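Report on the structure given below.
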DNA sequence: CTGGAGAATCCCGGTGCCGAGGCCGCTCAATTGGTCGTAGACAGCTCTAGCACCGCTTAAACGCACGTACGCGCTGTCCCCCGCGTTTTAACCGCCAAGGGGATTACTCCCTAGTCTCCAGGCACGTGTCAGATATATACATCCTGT
DNA sequence: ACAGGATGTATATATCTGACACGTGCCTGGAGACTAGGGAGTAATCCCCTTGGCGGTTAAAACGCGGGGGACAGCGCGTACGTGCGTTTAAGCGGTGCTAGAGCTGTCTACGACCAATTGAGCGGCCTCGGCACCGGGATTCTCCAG
């Protein structure tokens, strides 16, 4: 066997199975989805990085992520993400 | 009693005295030059950062800086910049 | 006999004039009030550094000026000399802002 | 005779190619063009097949987008025929030249 | 040393995306000296949400064209039809995606 | 240790820009885990070079208008009249810079 | 200080717009442009100030600084030189 | 059997350019466009391929990989999904 | 068209200023000697894809024909935006003062790296069958002719 | 407006393939307890800029009075490229084979952080004076208008 290269394949499949259990996905579509996840990931991390740097802070907290998301995602898309993340963060601190 | 806010002013002035000994520079122009220096600095360092990341290396050497300059600067600017850079690095290896 | 210039002469004189000079073309106080008004819908009772208001006016004039340069080229391309709203709309579409 | 009027088959092509997704440039001629342009930087360069394909993908997507913007510029000027000047205007406003 | 029964951090947040993997990518990715504990959970939630948002529209697109397995064309349609999502991916090119059928009104015959 | 006297690394490279300061900004700047010794010297050389190009052109522009003090307008003219610098700075705006005199041919009186 | 502003968009007046166009190289301006221009500028300002204030709340400050505006301009690929 | 190529710019044939414009929504095409199009595409490719090779020389590789092209595209603000990253 | 006119701008030359160049403490960031972990440089094995290479089918491409719609040049028309006079509006400009907040200085404690270890999710490696990729023959869109 | 007819296109039905869903094997990255440093929240202060706020000067936004060129419908003409026929021509496709460099594996020794001690470059703050910013007045060009 070879140098193992990881991807979001199984996670995209689990989300697909929650939103559309009877729907599949082609290999090319999985590639496109993986590139999308890596892209959005790098953008959010980059903005959070800039936020921490501009304000002379050395920690990326949920606040930097939230502000970063508000900067990158247009309007209501960001709001529900901030909504979901809030739930997530809340629920996490109780588990 | 204030806080030290560093700048590139004195260096832009030194270079200015070497290139145009009888020419001065206004405060606002020095500010603009200072922003330009920080801008080009961040660009070059950013490209070198990703170049290091792509090839799974953890060190930014002359190779990464050089390749980053070739990527960011158009034509002759890049060529002469590599000439000046390489010359300087060579000279630096002596001293 | 009276003395009136032909349409465009004073216009071009202003073009050469404001292109040679570098002072800001929007009136300070009205623009500063527009900025504060627009800012109200985000946070109540915001205070502004003087330089922040100046930076906004500087960026605003530079942005609009560049947009008019492209709008002008679009107008000229359509064998006209009068910029129209659809030229601005075309320019922004080609650029990618709408 | 059954010659179709100008534009009908053209529109059919528009719908036909806008409904499908295959690549529109011939793979081998393009592949040679890539290798020829690449020659002037490093001799005896080797290519991954997927790289040449990625170039064709990027190339056709870039051109298609340019023609969309170009087409809007043409329509704006009350014409329906794209011309070099239109492409030049597009590239100028985009900031590529 | 029998420690406690483990359980993924994604499950603690009721998420599908890997909180742990994202956290690892963050530490070794040169973004900040340190990364807060809530950052990966929040980030994974946002990525999973966006993934669900696009996959849902894609699913609808596939159902409408009588196919059950998603292919690139449906992704291109999915992204370009949601104005906000379109804005988010306005400078991205999707391989084998084609374009949205959009013919300017004046060009059609009558 | 009553050591040898200190020489700025800039002087070692025969440069005016601070190799020391740049090196520190690189290390604390979250760019890579390690920064090679030649990187800041090479970078400082390129920054000083580009600085000299813009200053030299601005200098000429200032002299050609009988002024000895460089003000923003000259920096604007200097950057925009060099094709390669213009290409390097196509998305940047210089405060108080103005615009290069450029009137389209078709607008001049006939 | 309980104060509220209204219809200040009329402050960017006709001679100022025609000035901006003149520096941009415009020679003739249709009367309909002004309403269009105020709207275009508004959108731009809406976007930038929104991001600006977004930075401001993250820093836990009540005063929008010049740097916030500079970073905002950088965020949209319209970098500005001369303020830090 | 080392081979130096010439005139492959003619491989982007006129039908193919028509097809590209068709997918772009173009309805009528002047005959002067095709040579001009080859020039435009050339500049684009020149810009991208050069940078790709620039990445290649850094990695000390003799083969241009797909990823090199992907990063090249990323460098010019034209991110491409579907080949790796 | 071709000089006569008349003003807007340019030039030339003069006066207090405050922005800019320089000085003077004065503080901390660059330097510099070790010192050590470990990161990428180098030798070399494997093989899979990359590339050179043969044979035929046929679909993609090239040369033409012709004709019909397409760009573009001129002409005429309202209208509408520009130039200027005038005047009110209100920004500039200076100016006084209260103060809120921000840019700091102690001070902490709590929040996140750091280690080791356990083992369960995640990835290659197959793999089998069910979407599926294209053939065969339908009425209907549909486009054009011609009415 | 108004049918008739003659052809692309979606519909329905059909057959072998191999892509993807799933099983299996195995491996190392996520987690969990614990530890230990130090980053950013919390309190309180100085002062300084930010904002409120009066009085007057004058630049400037506003209305309008023509009026003259500018956008645009329209007519009309000569290339010109779309559609299609027909013919190569060369790409697709498969089909071989060689091999060479990707790509990994296993050696290291070189190269860059870690530390602290020292001190001289950089800055803050505070000076003086010189281009400079705008005024006063003539000339050239610039734009225009009558012969």
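Just so it is clear, none of the values below were taken in a lab; they were calculated from the coordinates. When we count neighbours, we look across all protein chains shown, and the Cβ atoms used for this are built from the backbone with ideal geometry, even at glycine.
Of the peptides H:52-58, F:36-42, how do they stack up when ordered by the mean number of other Cβ atoms within 10 Å, highest first?
Details: H:52-58: 20.4, F:36-42: 23.9.
Output ranking for H:52-58, F:36-42: F:36-42, H:52-58.
If contacts are Cα pairs under 8 angstrom and at least 6 residues apart, what is the relative contact order of chain D in percent?
Reported as a whole number, the value is 19 percent.
Can you classify chain H as rounded, prolate or oblate using the Cα gyration tensor, where a ≥ b ≥ c are the square roots of its eigenvalues, rounded means a/c under 1.5, and otherwise it's prolate if a/b beats b/c and oblate if not?
Cα axes put chain H in the oblate bin.
Please give the calculated 222 nm ellipticity per residue for the protein assembly as shown, where each DSSP H segment of at least 4 residues contributes -39500 (n - 2.57) and the sum is spread over every residue; nearest 500 deg cm²/dmol? Working shown, then result.
Values: 32 runs with 471 residues, N = 774.
Result for the protein assembly as shown, helices only: -20000 deg cm²/dmol.
For chain B, calculate the relative contact order in percent as a whole number, restricting contacts to Cα pairs under 8 Å that are 6 or more residues apart. Intermediate results must be reported in sequence, preceding the final value.
On the way: 38 pairs, mean separation 16.3, N = 95.
Normalised by residue count, the contact order of chain B is 17 percent.
Within 10 Å of each Cβ in peptide G:30-38, how many partner chain Cβ atoms are there on average? Round it to a whole number, please.
4
Which of rounded, prolate, oblate describes chain D, given a ≥ b ≥ c as roots of the alpha-carbon gyration tensor eigenvalues and a/c under 1.5 marking rounded, otherwise prolate only if a/b is larger than b/c?
In terms of gyration-tensor shape, oblate.
In what order do D:59, F:11 fall by count of nearby beta-carbon atoms within 10 Å, going from fewest to most?
Ascending Cβ contact count within 10 Å gives the list F:11, D:59.
Give me the percent relative contact order of chain H, please, defined on Cα pairs under 8 angstrom at least 6 residues apart.
18 percent
Can you sort G:7, H:51, F:82 by how many other beta carbons sit within 10 Å, fewest first?
Listed from fewest to most nearby Cβ atoms, that is G:7, F:82, H:51.
Within 10 Å, count the other beta carbons around each residue, average over each peptide in G:64-71, D:1-8, and list them highest first.
For the peptides G:64-71, D:1-8, the packing ranking is G:64-71, D:1-8.
If each residue's Cβ is checked for other Cβ atoms within 10 Å, how do D:50, E:10, B:27, A:94 rank with the fewest at the top?
Ordered from fewest to most neighbouring Cβ atoms within 10 Å, D:50, E:10, B:27, A:94 come out as A:94, B:27, D:50, E:10.
Tell me whether the protein assembly as shown comes out rounded, prolate or oblate; compute the Cα gyration tensor, take square roots of the eigenvalues as a ≥ b ≥ c, and use a/c under 1.5 as the rounded threshold. Intermediate results must be reported in sequence, preceding the final value.
Numbers: a/c = 1.24, a/b = 1.05, b/c = 1.18.
Verdict is rounded for the protein assembly as shown.
For peptide E:1-9, how many partner chain Cβ atoms fall within 10 Å of a residue's Cβ, on average?
On the way: counts 0, 0, 0, 0, 0, 0, 1, 0, 2.
For this peptide, the per-residue mean of nearby foreign Cβ atoms is 0.
Quote to one decimal, in nm, the extra length available between residue D:72 and residue D:43 on full extension: 0.36 nm per residue of separation minus the C-alpha distance between them.
This chain segment gains 6.3 nm when fully extended.
Under a plain spin-label model, where a point goes 7 Å from the Cα along Cα-to-Cβ, how far apart in nm are residue E:81 and residue C:98?
Inter-label distance under the simple model: 2.5 nm.
Expressed as a whole number of Å, what is the distance separating the alpha-carbon centroids of region F:39-79 and region H:1-60?
Region H:1-60 and region F:39-79 have Cα centres spaced 38 Å from each other.
What order, most packed first, do the peptides B:42-49, F:61-68 have when packing is the mean number of other Cβ atoms within 10 Å of each residue?
The peptides rank, most packed first, as B:42-49, F:61-68.
If r is the Cβ-Cβ distance from residue D:21 to residue C:50 and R0 is 51 Å, what FRET efficiency results, to the nearest 0.05?
With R0 = 51 Å, the Cβ-Cβ based efficiency is 0.40.
Can you compute the FRET efficiency between residue H:42 and residue E:6 using 1/(1 + (r/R0)^6), with r the Cβ-Cβ distance and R0 = 51 Å? Round to the nearest 0.05.
Calculated value: 0.35.
For peptide E:75-87, what's the mean number of Cβ atoms from other chains within 10 Å of each residue's Cβ?
Mean shielding by partner chains, rounded to a whole number: 3.
Give me the distance in nm between label points sitting 7 Å out from Cα along the Cα-to-Cβ direction at residue B:14 and residue F:60, one decimal.
2.6 nm
Assume the label is 7 Å from Cα along Cα to beta carbon: what separations in nm does residue F:91 have to the matching positions in the other copies?
List, nearest first: 0.4 nm.
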